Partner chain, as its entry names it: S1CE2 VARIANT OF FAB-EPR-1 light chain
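In structure tokens, one chain follows: the form deposited without the partner chain.
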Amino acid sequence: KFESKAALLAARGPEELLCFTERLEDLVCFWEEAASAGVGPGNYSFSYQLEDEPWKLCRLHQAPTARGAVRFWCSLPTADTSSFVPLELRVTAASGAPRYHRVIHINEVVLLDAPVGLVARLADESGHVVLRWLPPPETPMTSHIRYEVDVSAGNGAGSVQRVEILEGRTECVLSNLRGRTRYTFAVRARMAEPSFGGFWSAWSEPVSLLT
């Protein structure tokens, strides 16, 4: 509720229609607004169209934002969640007034689940850090995923040091660093270019060594 209460207070700016995919066979798009009298999904229409396909309308939903705002959303049925094609989105108010218009590529808006199984180890024979882990569970195209390692801790030093990682890789030997240092590590997953694109996942559960 510290991390929790930080969010209620960490104010963002303007509204935007935000879309993302977790595996590559789903698509969720939403927006959020001020809670207002009997304004439910029935006052909006969310229309999509895969390039060269009949126009389609999906079901809008509503749920509250942890901040008291409302969130409206649609989930495209897998069958239409194809990559490598221009997806046009249209959110309109029932008065005829246009709320949002966007064109996206589902393959460029990926937001993977974070990596599991983080294990750290002292490469005993050399004396150091051997970093291994697992990709986002139940996610395909494993050999496309780029990684990011976040080394840190060691009192007063605010080392939040990060090292990139090439795709399909799930091991990194933090070879050279310190003696008798508390160290905590975590890592993010991201679909790699140039086929895919997207957003940095949440950090994977940390692991702490103590040199």
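Rigid core (definition): largest C-alpha set, two forms, superposition within 1.5 Å. Residue numbers count along the first chain shown, from 1.
There is another form of the same protein, the form deposited with the partner chain bound; it is not shown, and what comes next is about it.
Student: Going by a heavy atom distance of 4.5 Å, is residue 119 a contact of the partner chain in the deposited bound form?
Tutor: Output for residue 119 is no: heavy atoms all beyond 4.5 Å of the partner chain.
Student: Hey, in the deposited bound form, does residue 22 get a heavy atom within 4.5 angstroms of the partner chain?
Tutor: No.
Student: With heavy atoms only and a cut-off of 4.5 Å, decide whether residue 90 touches the partner chain in the deposited bound form.
Tutor: The answer is yes: residue 90 has a heavy atom within 4.5 Å of the partner chain.
Student: Does residue 132 reach the partner chain in the deposited bound form, with heavy atoms at most 4.5 Å apart?
Tutor: No, residue 132 is distant from the partner.
Student: Does residue 86 move its CA by 2 angstroms or more between this form and the one not shown when the core is aligned?
Tutor: The answer is no; the displacement is under 2 Å.
Student: Residue 28: CA shift of at least 2 Å between this form and the one not shown after core fit?
Tutor: No, because once the rigid core is superposed, the C-alpha of residue 28 moves less than 2 Å between this form and the one not shown.
Student: After a core superposition, would you say residue 169 shifts its C-alpha by at least 2 Å between this form and the one not shown?
Tutor: Shift of 2 Å or more: no.
Student: Might you say whether the CA atoms of residue 199 and residue 6 end up closer or farther apart in the deposited bound form than in this form? Their distance differs by 3 Å or more.
Tutor: Those two alpha carbons end up closer in the deposited bound form.
Student: Kindly indicate if, in the deposited bound form, the C-alpha atoms of residue 204 and residue 9 are closer or farther apart than in the structure shown, bearing in mind the change is 3 Å or more.
Tutor: Their C-alpha distance shrinks by at least 3 Å in the deposited bound form.
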